[PDB]
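Colleague: Structure, please.
(2 chains)
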Amino acid sequence: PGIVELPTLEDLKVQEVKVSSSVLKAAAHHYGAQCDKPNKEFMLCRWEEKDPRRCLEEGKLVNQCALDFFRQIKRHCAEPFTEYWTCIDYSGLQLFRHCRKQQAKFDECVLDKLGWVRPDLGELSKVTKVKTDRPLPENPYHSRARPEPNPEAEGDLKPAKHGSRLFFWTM
Amino acid sequence: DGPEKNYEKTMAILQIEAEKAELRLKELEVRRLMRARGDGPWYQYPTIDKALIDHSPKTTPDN
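Modeller: Residues are numbered from 1 along each chain as shown, chains lettered A, B, ... in the order given. Next up is the structure itself:
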């Protein structure tokens, strides 16, 4: 019994970034490097509040920053990125292994056109510290008041009054 | 021996056994109450310990 509150359709009307999974995979490392702040803030909100109905604005801002990143890569390094993501898309598993020359062209293009460097191995998987300004959810699980603990057992022990007190056994 | 022998001995025996009797009655009543409500040192029943619960951030955010 209650209300399943749901934000109206207007709040979740994001611009809906539209690139295929192969295109996303091609720009994975550079996007993670130069877009880490919105992703990290949004995910910390998601993990702390534990309520996607609450951190929708961070979901907006992450999409805004992703679209800005893709607009920059469109404006500066369109051709190498296009060839690289097409060559990634050809593979069934989308492995970076086969596509290394196009990766080199894309990397040098973004390095000398947008000042970017790909993260080294394992750099993109380190736990980061975010400087979010939202408060800490006091009751993320919405837990009710806990039952009071049972009365604690304490006190000095003396011999049982009149022994066992079990039938004729006096002692 | 004198009658005071039996008199004082019966005093002690009667007092001790009366204490035993109403202690047994209190035992029965206390056992009934503690089994009915459980707000007592005994008749507690096992429950899952909380320290087994893991609180580390899982793969799914809103676990």
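
Colleague: Tell me how many other residues crowd residue A:65.
Modeller: 19 (other CB atoms under 10 Å in any protein chain shown). (Each C-beta comes from the backbone N, C-alpha and C, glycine too.)

Colleague: Setting aside sequence neighbours, what's the nearest residue to the residue positioned nearest the centre of chain B?
Modeller: Of all residues in chain B, the one closest to the mean position by CA atoms, centre = their mean is residue B:42, 5.4 Å from it. Closest residue to residue B:42 apart from its sequence neighbours, by CB to CB, 6 or more residues apart in numbering or on different chains: residue B:34 at 6.2 Å.

Colleague: re the thing from before, using the three-state scheme, assign the residue nearest to the centre of chain B.
Modeller: coil (DSSP: H, G, I helix; E, B strand; the rest coil).

Colleague: ok, it touching residue B:33?
Modeller: No. The criterion here is CB atoms under 8 Å, and residue B:42 misses it with residue B:33 at 11.2 Å.

Colleague: what's the longest helix that chain A contains packed up against?
Modeller: In chain A, with assignment by DSSP state H, the single longest helix is helix A:56-76. Here helix A:56-76 touches helix A:28-34, helix A:36-49, helix A:101-111, going by 3 or more CB pairs under 8 Å, 6 or more residues apart in numbering or on different chains; DSSP states H and E.

Colleague: Relative to chain B, which of these is closest?
Modeller: helix A:36-49 (4.4 Å; CB to the nearest CB).

Colleague: What residues of the closest one count as buried?
Modeller: A:38-49 (16 or more other CB atoms under 10 Å in any protein chain shown).

Colleague: need these in a markdown table with distance to residue A:131, can you?
Modeller: Output for the buried residues of helix A:36-49, formatted as a markdown table (distance: CB to CB, whole Å):
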| residue | distance to residue A:131 |
| --- | --- |
| A:38 | 13 |
| A:39 | 14 |
| A:40 | 10 |
| A:41 | 9 |
| A:42 | 14 |
| A:43 | 14 |
| A:44 | 10 |
| A:45 | 13 |
| A:46 | 17 |
| A:47 | 16 |
| A:48 | 14 |
| A:49 | 17 |
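
Colleague: Looking at those residues, which is nearest residue A:84?
Modeller: residue A:39 (21.8 Å; CB to CB).

Colleague: how many neighbours does the nearest residue to the closest one once chain neighbours are set aside have?
Modeller: Leaving out its chain neighbours, the residue that sits closest to residue A:39 by CB to CB, 6+ apart is residue A:62, at 5.7 Å. Neighbourhood size, residue A:62 [other CB under 10 Å]: 21.

Colleague: got a list of what residue A:62 touches?
Modeller: Contact partners of residue A:62, counting by CB atoms under 8 Å, 6 or more residues apart in numbering or on different chains, are A:35, A:38-39, A:41-42.

Colleague: I appreciate the help and will end here.
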